[PDB]
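To keep things clear, I will list the structure first and then write my remarks on it.
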Amino acid sequence: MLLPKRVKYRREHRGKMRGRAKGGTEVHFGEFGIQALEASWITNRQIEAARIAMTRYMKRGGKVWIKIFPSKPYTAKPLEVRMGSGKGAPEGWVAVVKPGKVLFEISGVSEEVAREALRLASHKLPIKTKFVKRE
Amino acid sequence: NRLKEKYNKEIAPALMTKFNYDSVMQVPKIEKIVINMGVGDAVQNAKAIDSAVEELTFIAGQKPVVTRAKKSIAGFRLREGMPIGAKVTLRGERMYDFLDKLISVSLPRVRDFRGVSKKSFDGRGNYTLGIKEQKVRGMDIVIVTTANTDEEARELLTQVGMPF
Amino acid sequence: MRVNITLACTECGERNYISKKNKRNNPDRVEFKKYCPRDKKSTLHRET
Amino acid sequence: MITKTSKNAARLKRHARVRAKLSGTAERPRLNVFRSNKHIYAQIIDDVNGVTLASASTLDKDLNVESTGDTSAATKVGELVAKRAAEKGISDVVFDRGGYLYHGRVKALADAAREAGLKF
Amino acid sequence: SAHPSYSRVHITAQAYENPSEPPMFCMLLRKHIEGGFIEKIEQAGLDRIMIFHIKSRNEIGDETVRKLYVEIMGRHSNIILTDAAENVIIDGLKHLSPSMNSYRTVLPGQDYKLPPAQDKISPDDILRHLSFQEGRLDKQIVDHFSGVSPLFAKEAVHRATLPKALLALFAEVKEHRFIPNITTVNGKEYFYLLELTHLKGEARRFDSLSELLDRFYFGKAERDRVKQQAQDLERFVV
Amino acid sequence: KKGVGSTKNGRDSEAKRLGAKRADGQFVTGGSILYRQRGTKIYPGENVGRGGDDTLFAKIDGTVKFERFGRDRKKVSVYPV
Amino acid sequence: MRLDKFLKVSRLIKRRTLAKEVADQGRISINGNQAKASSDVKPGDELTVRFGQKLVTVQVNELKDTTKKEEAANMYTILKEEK
RNA sequence: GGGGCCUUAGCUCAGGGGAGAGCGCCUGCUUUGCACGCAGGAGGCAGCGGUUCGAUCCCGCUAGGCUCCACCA
RNA sequence: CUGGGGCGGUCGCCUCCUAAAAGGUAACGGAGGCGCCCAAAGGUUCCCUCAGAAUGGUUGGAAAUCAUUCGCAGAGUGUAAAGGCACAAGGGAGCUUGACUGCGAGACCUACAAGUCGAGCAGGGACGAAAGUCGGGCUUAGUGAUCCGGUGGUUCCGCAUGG
RNA sequence: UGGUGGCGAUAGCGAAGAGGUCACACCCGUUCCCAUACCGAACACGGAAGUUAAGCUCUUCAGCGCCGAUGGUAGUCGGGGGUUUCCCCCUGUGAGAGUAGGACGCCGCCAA
């Protein structure tokens, strides 16, 4: 459950996930990676689920290199409450994702193993994905 | 007026011949001397300033300047201001006279004097020194030179006869 | 304390000016020089 | 190791600090000064056009003397440049102590020009 | 010292440590005794009490006097300062209010008073007054004499009708014929004017009772503390 | 139903209508202001003056022109006919 | 302040409880008047007290609450004792 | 859940310039003496963050506790 | 006011974001500040340039003060933030009180009330040799109507006339 | 050469070299003007024995910094469409970044 240690503002606007990514569109730390085909917010619980999934499938395998970090916080008012009276309290932390963006990489491991692990992770994630490799 | 003429006549032709400088303007000399007292005890005893500032005066005829704080440190119970330490710059002839006086008296009169610290240079061509005796407070003095490297300063002071 | 003050002339007797001051740092009856538009001159003014 | 700044560069900074407040025009030009260790030079300028109008120096072959560097020389060159700016009948100027003091040779020169007729 | 178990008086080559803080009692002594003059010493009639008759000039150079009293009773020792003629207390180390419904009182201003001196002949008379059939008479020599320890009483009673021992030892003390030593009966280091009389303990003798006190208390000030710590830890470990 | 509150972030200052007030190539009268600001986003130039509020005004009549002090620094000026 | 608090801080009595107990017994008084633990006091007060037969008369000089040990007795003065 | 008060040694307390006053329980010592003591259990700002040279002392966020409120259909 | 009301919270001013590249723009939207301070922390003249780092060096210590090279700026700018400033608006020294009087072309903002800037003229001055700057402070907050009373001054009026 | 101004560092940083009889500097001493919170370092005052080392000028370079295209792409006014937390099509516009490359200076006035 990743966390930014320190932040300026505990409360931010949400934002808009228009367009494609700026960077991180291609694997370069590792060999076999995964990228997105949509745009969405992703949570520390999602990423750690995917991470531990692939690492359990691999059991010693090489290196991973996540390519993101949930910097963004997201609020949520308490339950059964009218509107207004200030912005809701923070709940967790979020990473924002554009399409064309690489999320997880892999090295030290064969292609079939990598593809299967990333499949497993994709099923923990909400969005549509693609298997990718380095050029 | 001893060490000026000694410097010129003995050192500079000899030293230029020794180092193969291009011109006499490349000669190393002392640009100045500086001395500091460095006493943060006045916070306790405000009278600790004129105490030994008078002594700096009786040492060097030039009046000193009380140094002051530039920041605040609760670790030493200090804020900006509160004059601590005292300084004297020195650039000219009583400079050399004072240095003659030092090498003649102050160095040997130390009750365990030996080969003084070979290495207390700054790696630039300028020397520093600390003293503890003279209340018996010492000081921190500095020699500043036109030497670019440091071995020429070494050779300079050796040829002066300042101990090592 | 920081407090209001008038600053009257001495030849004219007229008040002519106001300001403020610390009573701590400037306790005494302060004085400056200002222009008396009746005496038509720079002139020492005094606090009341 | 000790470096040493060029006092000329310092003088340039002080000169610029001055120059920020003024500039020489037609009918209010700038009178600039230079103070070599062996000479003293003076010029009069329309800073708008970037043009000198008149000039003077110890180096001038007229009135060659021994000092070229004391207040006497400063006075002589001041009166010279004054009559130059008289025969180019401007008579009204501004002064430019170029990062120097209005104390010594500069002061003497300026006083010379004041007496010769130039009005600051 | 009015320190209850270690309350005493002493002269020490070891000037231990003068404090950084002058306390109230110290400064009050400085007020009225500093630069003094010790005219006379007195024993308070052989009770564990002492008096210094002292002189000193007041704040106007007029000579004045005072009576410093040092009562060393044990757990309720104390140090008091008193006026000469008025007998009024001026200072006191352990102020003692009469909520203890006691005979005497400590507080300043009040007329000084001494403890109730018990009905004991301070110096054969025991064979007269006391019935030697009583047994355990090391207890009840305290009931006849003023200056007594159960140590002294036991060591004298073990000399076996023994008025001789009492009279001889009293003459010894009166003549200052004692021997200042420290005794050590398997630890439990004791000391007294007289030597050890019977027990198995080791003995180390001295030239000065003051040095005896020095070499005794200089350790016991902290040795016993370390022992307390050691035992408190040993309990936990066990 | 529940009960909540305490936003304590509910204010802001009155908007002060900064920026330029006259345009390049525009004719201007004496004393007209040109560019309200705080500090110097823009400096004065010829026949232009700065006030205590760091505001820029024309000392004369003329036409306005904005320029640059060499690099990364701007300027205004009034040039008459 | 209150009598019981005063007695504790002046260390005449070691427990405020005991002060209350004795005042409820009425063994003591103030200014010739029988008093209670809640009785108000002040400087200048003249206080009569009993300890069995030991009767006491004292005078109040000051009053506070932090009252370290030796500074307690500065708070007042003895005057007289009877029985 | 909201608001207010509080959260300093075992207990009770004071105190933007360096946390110190008193008291108690258990143990040990201790002794001639009318409960008159001593040492150790031990003496540590609820936490997090920030401003200041500095924070118990100013500010802010959160936790624990006490009190108040949590109403109309 | 109120995403029904009540209870809570807030009520005026300043700074930023939201704010959509002029300006302006709401919400019980997000973050913070003010109800002052300086008689020098102002004006003027002249002067010079910071924070931190590495070396050497008593007490000096990780950290005073010290010389030392590196060093557009990481510092400072009375205070919150934004804008801005190192040719100083930052830091020193000298002399002073323009933290003046009467005004004010013409502009900004604006429902009004009000608020803001302002060259330039006169009088008298301060600093400066001179040009020349000075009508408070680095700019933006630091404050409130009218009526009513009070104080001082006034070639105003003063119920027949003089007061 | 020196002085003095103008133009966005295409001017600078950095490395290597060359020159100084004139000139500019460095440099020699305080008796005076004046000064150094310390002092002739600096500022002032006077001087010219010697030094091109430094500064200053003239050459070189593209290591740093600086400038900077074309094309393409994102974005986007406008129009239109669609499975519309977004996406797509069309006329038009059009960056940044990354390149190509440029550049270790251009222009003036005075004095010898």
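Reconstructed Cβ throughout: ideal geometry from the backbone, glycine too, with neighbour counts over all protein chains shown. What follows is calculated from the coordinates using simple rules that are stated; it is not laboratory data.
In units of the compact-protein estimate 2.2 N^0.38 Å, the stretch E:50-183 shows a Cα radius of gyration of 1.39.
Size descriptor for chain B, Kirkwood hydrodynamic radius: 17.5 Å (Cα pairs only, one decimal). Of the peptides G:2-9, G:60-67, the ranking by mean beta-carbon count within 10 Å, highest at the top, reads G:2-9, G:60-67. Kindly provide the trypsin sites (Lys or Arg not before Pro) of the stretch A:15-54 that DSSP labels as loop, not H, G, I, E or B, and whose Cβ sees at most 14 other Cβ atoms within 10 Å. Loop-located and lightly packed - A:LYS16, A:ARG18, A:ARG20, A:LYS22.
What is the diffusion coefficient of chain D in µm²/s, taking the Kirkwood radius over Cα pairs and the Stokes-Einstein relation at 37 °C with a viscosity of 0.692 mPa s? Could the numbers behind the result be given before it?
Values: Rh = 14.6 Å.
D, rounded to a whole number, is 225 µm²/s.
Count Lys and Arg as plus one, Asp and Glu as minus one, and take only other residues whose Cβ is under 14 Å from that of E:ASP125; the net charge is then 0. Given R0 = 56 Å, the distance between the Cβ atoms of D:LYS13 and A:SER85 translates into a calculated FRET efficiency of 0.40. The three principal axes of the Cα atoms in the protein assembly as shown give end-to-end lengths of 144, 93, 85 Å, sorted in falling order.
Given H placed 1.01 Å from N in the peptide plane, which residues other than close sequence neighbours of E:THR64 have an amide H under 5 Å from its amide H? HN-HN under 5 Å from E:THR64: E:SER56, E:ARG57, E:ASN58. Binning the C-alpha pair distances of chain A at 5 Å intervals from 0 yields a P(r) profile of 2, 10, 18, 20, 18, 13, 8, 6, 3, 2, 1 %, listed from the shortest bin outward. Each principal axis of the Cα cloud of the stretch E:1-70 was taken in turn, and the coordinate range along them, longest first, works out to 41, 37, 23 Å.
Shown for the protein assembly as shown: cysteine residues without a partner Cβ closer than 4.7 Å, namely C:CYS36, E:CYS26.
For the stretch F:1-63, would you read off the P(r) tail past 18 Å as a percentage of all alpha carbon pairs? It would help to have the intermediate numbers written out before the result.
Values: 933 of 1953 pairs.
Value for the stretch F:1-63 (Cα pairs over 18 Å): 48 percent.
Taking the number of Cβ atoms within 10 Å of each Cβ as an exposure proxy, the fewest-first ranking of E:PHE191, B:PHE121 is B:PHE121, E:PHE191.
Summing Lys, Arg as +1 and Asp, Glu as -1, what charge do residues with Cβ under 15 Å from the Cβ of B:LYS70 carry, B:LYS70 excluded? Display every interim value, and only then the final one.
On the way: positive: B:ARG68, B:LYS71, B:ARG79, B:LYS87; negative: B:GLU80.
So the surrounding residues net to +3.
With a 10 Å cut-off around each Cβ of G:75-82, the average count of Cβ atoms from other chains is 2. Electrostatic tally near F:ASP53: other residues with Cβ closer than 12 Å to its Cβ, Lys and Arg +1, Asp and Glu -1, net +3.
Per residue and in cubic angstrom, what volume does the convex hull of the Cα atoms of chain G have? Before the final figure, lay out the partial values.
Details: hull volume 6.8 nm³, N = 83.
Hull volume over Cα atoms, normalised by residue count, gives 82 Å³.
Give the residue list of GluC sites (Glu not before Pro) in the stretch E:60-115 that are DSSP loop and have at most 16 other beta-carbon atoms within 10 angstrom.
On the way: sites: E:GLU63, E:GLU71, E:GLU86; in loops: E:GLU86.
Taking the stretch E:60-115 and a limit of 16 other Cβ atoms within 10 Å, the loop GluC sites (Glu not before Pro) found are E:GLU86.
Taking chain F as a Gaussian network of alpha-carbon nodes connected by springs under 10 Å, the highest mean-square fluctuation of the residues F:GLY39, F:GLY19, F:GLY52 belongs to F:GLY52. Using the Stokes-Einstein relation with a Kirkwood hydrodynamic radius computed over Cα pairs, the translational diffusion coefficient of chain C at 10 °C and a viscosity of 1.306 mPa s comes to 146 µm²/s.
Say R0 is 45 Å: what FRET efficiency, to the nearest 0.05, do F:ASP72 and C:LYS20 get from their beta-carbon distance? Kindly include the intermediate steps, with their values, before the conclusion.
On the way: r = 43 Å, r/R0 = 0.95.
Result of the calculation: an efficiency of 0.60.
With semi-axes defined as the square roots of five times the eigenvalues of the C-alpha gyration tensor, the equivalent ellipsoid of chain E measures 34, 26, 19 Å, largest first.
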